[PDB]
J.: 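Can you keep this structure in mind? I'll have questions shortly.
Positions are given from 1, in the same order as the sequence printed here.
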Amino acid sequence: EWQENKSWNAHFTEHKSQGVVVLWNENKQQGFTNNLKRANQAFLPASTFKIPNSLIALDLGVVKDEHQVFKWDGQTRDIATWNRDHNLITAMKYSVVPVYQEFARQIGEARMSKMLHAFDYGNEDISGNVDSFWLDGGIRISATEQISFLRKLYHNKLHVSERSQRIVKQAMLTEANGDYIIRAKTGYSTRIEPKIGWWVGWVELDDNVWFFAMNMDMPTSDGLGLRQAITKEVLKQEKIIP
Ligand SMILES: CC(=O)OCc1cccc(-c2cccc(C(=O)O)c2)c1
Ligand SMILES: [Cl-]
């Protein structure tokens, strides 16, 4: 069911880094990774948590739809794209933490915890502050657990409405051309060691879907572009994308 392909380690060592890529071939129900142990090691989800957070906020009515505007609070932060109004689409695209912190406050601890259990999401543990637990609280998830969750989302099998899942999958749209569609979400965890980057999502082809989840050590923000670049080199090597 899971097979290790250590040839992919070259894509990490080429960049003097370390990490794991996990792929899942949906038609064949077969998984692949360069590192079985790290594929099952759990880390802070950081901004990959915007996927479950979006789903919960929509299903509870905290977010009406993907057009509702969440006004900038006027506090200047160091990420320029955060100092502006957002909707769900752009808040996902620019990983706008303060928007999702307000979602979380309105969801509240009780509803957040029971929905993460309903989702079977990671260790289902929201200990810490309700508006930051995915950045520095007790929640943890592994790359293989991200795949499990994403497959449910793809198939509309999570315990929220079909509408909520369709909207979040729209908001995950990252790249599309004549050859493939990628729906995905980045993450960057810095508040507890080891600092890591995430990229989780899937690749839609004409006649198959490949789910993926990767994380990698990220000692500085200068390497963030490697999250997508390394994943895409693996996809290219496996002839999943040109
Ligand atoms: C985790 C942490 O220290 O968050 C603070 C911080 C520092 C540097 C960059 C970013 C950031 C902002 C927007 C998008 C992305 C991305 O990679 O999509 C990254 C966030
Ligand atoms: Cl779409």
Side-chain angles (χ1 to χ4, degrees), residues 1-2 19-36 38-59 66 88-89 91-93 95 100 112 115-124 134 139-176 180-189 196-205 207-216 227-228 230-232 234-235 238 240-241:
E1 175 171 25
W2 290 99
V20 65
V21 175
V22 183
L23 302 183
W24 181 267
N25 180 332
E26 183 67 6
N27 282 349
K28 300 281 262 299
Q29 296 286 285
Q30 292 182 354
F32 306 91
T33 182
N34 62 303
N35 186 332
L36 283 161
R38 187 166 177 148
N40 287 294
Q41 280 172 326
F43 302 89
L44 280 159
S47 299
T48 68
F49 191 74
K50 288 185 173 68
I51 296 174
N53 204 359
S54 298
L55 289 164
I56 298 165
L58 284 157
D59 217 59
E66 69 273 23
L88 189 69
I89 304 302
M92 280 280 274
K93 174 180 180 180
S95 297
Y100 280 84
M112 185 74 81
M115 293 308 296
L116 294 187
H117 180 72
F119 290 170
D120 197 31
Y121 185 91
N123 70 357
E124 309 173 10
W134 61 96
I139 189 73
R140 301 287 188 283
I141 190 168
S142 69
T144 61
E145 289 169 351
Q146 297 262 25
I147 296 281
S148 175
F149 170 75
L150 292 167
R151 292 187 64 246
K152 293 187 263 272
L153 177 58
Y154 176 91
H155 290 294
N156 294 329
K157 289 296 188 63
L158 292 171
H159 291 161
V160 286
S161 71
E162 182 183 312
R163 175 180 179 273
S164 293
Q165 294 174 85
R166 288 191 179 280
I167 291 174
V168 171
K169 284 182 281 183
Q170 176 185 355
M172 290 170 60
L173 178 54
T174 297
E175 188 179 1
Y180 61 82
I181 299 166
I182 292 174
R183 302 183 187 277
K185 181 74 197 76
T186 59
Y188 181 25
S189 178
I196 59 150
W198 283 101
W199 201 33
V200 306
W202 60 79
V203 182
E204 305 178 7
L205 308 176
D207 60 351
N208 200 6
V209 181
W210 285 84
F211 296 83
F212 66 85
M214 79 87 69
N215 58 66
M216 63 180 294
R227 296 171 299 179
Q228 298 96 333
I230 292 173
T231 305
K232 283 184 162 183
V234 170
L235 297 169
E238 303 298 315
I240 295 169
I241 66 179

J.: Would you say the ring centroid of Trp199 lies under 6.0 angstrom from that of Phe212?
T.: yes
J.: So that I can tick it off, tell me whether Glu204 and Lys169 are bridged by a salt bridge, with the cut-off set at under 4.0 angstrom between side-chain N and carboxylate O.
T.: no
J.: Given 3.5 Å as the limit, does a donor-acceptor pair link the side chain of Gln29 with the main chain of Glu26, or not?
T.: yes
J.: Quick check on side chain to side chain contact (heavy atoms under 4.5 Å, CB included): which of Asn27, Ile240, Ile182 does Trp210 satisfy it with?
T.: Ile240
J.: Testing the basics here: between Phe149 and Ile51, what is the closest heavy-atom pair and its distance to 0.1 Å?
T.: CE2-CG2, 3.6 Å
J.: For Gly197 and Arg227, work out which heavy atoms get closest and say how close.
T.: CA-CD, 3.7 Å
J.: If I compare all heavy atoms of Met92 with all of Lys50, which pair ends up nearest, and what's the gap?
T.: SD-CB, 3.8 Å
J.: Taking the side chain as every heavy atom from C-beta outward, state whether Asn35 and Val22 have any pair of such atoms under 4.5 Å apart.
T.: no
J.: Under the 3.5 angstrom rule, does the side chain of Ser164 hit a backbone N or O of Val160 as a donor-acceptor pair?
T.: no
J.: Please report the closest heavy-atom contact between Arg151 and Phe211, naming both atoms and the distance.
T.: CA-CE2, 3.6 Å
J.: Of all heavy-atom pairs between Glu145 and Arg140, which one has the smallest distance, and what is that distance?
T.: OE1-O, 4.3 Å
J.: In Å and rounded to the nearest 0.5 Å, what is the CD1 to CG distance from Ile196 to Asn215?
T.: 4.5 Å
J.: For the residue pair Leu153 and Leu55, establish whether any side-chain heavy-atom pair is separated by less than 4.5 Å.
T.: yes
J.: Just wondering, more than 12 heavy atoms not from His155 lying within 6.0 Å of its NE2?
T.: yes
J.: So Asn34 and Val20, side chain to side chain contact (heavy atoms under 4.5 Å, CB included) or not? Walk me through it.
T.: CA-CA 6 Å; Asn34 62 303; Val20 65; 3.6 Å; yes
J.: Output the distance between atom CG (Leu235) and atom CD (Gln228), rounded to the nearest 0.5 Å.
T.: 11.5 Å
J.: Side-chain contact test, heavy atoms from C-beta onward, threshold under 4.5 Å: evaluate it for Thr33 versus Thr144 and give yes or no.
T.: no
J.: Do the side chains of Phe32 and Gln30 get nearer than 4.5 Å, heavy atoms only?
T.: yes
J.: To the nearest 0.5 angstrom, please state how far the CE atom of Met112 sits from the CD1 atom of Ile56.
T.: 5.0 Å
J.: Checking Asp59 side chain against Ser161 main chain: does a donor-acceptor pair fall under 3.5 Å?
T.: yes
J.: Looking at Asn156 and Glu162, would you say the former's side chain and the latter's main chain have a donor-acceptor pair under 3.5 Å?
T.: no
J.: Kindly indicate, with the supporting measurements, whether the criterion side-chain hydrogen bond (donor to acceptor under 3.5 Å, both in side chains) is fulfilled by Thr174 and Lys93.
T.: CA-CA 8 Å; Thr174 297; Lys93 174 180 180 180; over 6 Å; no
J.: For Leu58 and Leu88: C-alpha separation, side-chain torsions, deciding distance, then whether side chain to side chain contact (heavy atoms under 4.5 Å, CB included) applies.
T.: CA-CA 10 Å; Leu58 284 157; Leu88 189 69; 3.8 Å; yes
J.: Hey, does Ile181 have a side-chain heavy atom less than 4.5 Å from the side chain of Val203?
T.: no
J.: Where is the tightest heavy-atom contact between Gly201 and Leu150, given as atom of each residue plus distance?
T.: N-CD1, 3.4 Å
J.: My understanding is that only residues two or more places apart in sequence, or in another chain, count here; which of them pass side chain to side chain contact (heavy atoms under 4.5 Å, CB included) with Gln41?
T.: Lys37, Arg38, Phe43
J.: Could you check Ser142 against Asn40 for side-chain hydrogen bond (donor to acceptor under 3.5 Å, both in side chains), going step by step and ending with a plain yes or no?
T.: CA-CA 5 Å; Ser142 69; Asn40 287 294; 4.7 Å; no
J.: Nearest 0.5 angstrom please: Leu23 CG to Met214 CE, how far?
T.: 10.5 Å
J.: Please report the C-alpha distance between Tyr154 and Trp202 in whole Å, then the side-chain angles of each, then the deciding distance to 0.1 Å, and finally whether the ring pair (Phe, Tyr, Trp, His ring centres under 6.0 Å) criterion is met.
T.: CA-CA 9 Å; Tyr154 176 91; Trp202 60 79; 5.5 Å; yes
J.: NE2/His159 to CG/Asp120 distance, rounded to the nearest 0.5 angstrom?
T.: 10.0 Å
J.: Say you draw a straight line from NZ of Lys185 to OG of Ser95; how long is it, rounded to the nearest 0.5 Å?
T.: 2.5 Å
J.: Evaluate the ring planes of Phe49 and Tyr121, with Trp represented by its six-membered ring, and classify them as parallel (under 30°), tilted (30 to 60°) or perpendicular (over 60°).
T.: perpendicular
J.: Could you go through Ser47 and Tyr100, starting from their C-alpha distance and side-chain angles, then the distance that decides it, and tell me whether this counts as side-chain hydrogen bond (donor to acceptor under 3.5 Å, both in side chains)?
T.: CA-CA 9 Å; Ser47 299; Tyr100 280 84; over 6 Å; no
